[PDB]
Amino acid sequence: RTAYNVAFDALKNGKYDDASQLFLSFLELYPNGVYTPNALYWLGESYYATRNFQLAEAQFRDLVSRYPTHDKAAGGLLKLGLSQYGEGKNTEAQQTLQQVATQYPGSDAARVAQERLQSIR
């Protein structure tokens, strides 16, 4: 049990403010560790959960940029687009959701991105 687990447990319990502080703290210590991509993703999700779309955008963008082949990257790009939609940036959001199907064809994330894209229209 380490700092990642302490952060993850706050998230599991729906304590999003605590989880954001703890994952932010984790990322200060681990700018490029084994669980860095995971932490960027979950920090993004913590922010997304509380409609902090600008804060979420930074985390998901970083994740996809730096770890494009990581397990979390497809979902990260999906949530980047959803965060941009949350910011009211419809053009940029549609572009990003389109990117999920292009860069991560066949992924669960690509499917969801297409569903959300059709709803945005």
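A residue's number is simply how far along the shown sequence it sits, counting from 1.
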Which is higher in the entry, the mean Cα B factor of 50 to 58 or that of 64 to 72? 64 to 72
Read off the CA B-factors in the entry, average them over 36 to 44 and over 91 to 99, and name the higher stretch. 91 to 99
Quick one: classify residue 108 as lowest, middle or highest third of the chain based on its Cα B-factor. highest
Using only modelled residues of the chain, where does the Cα B factor of residue 7 rank: lowest third, middle third or highest third? lowest
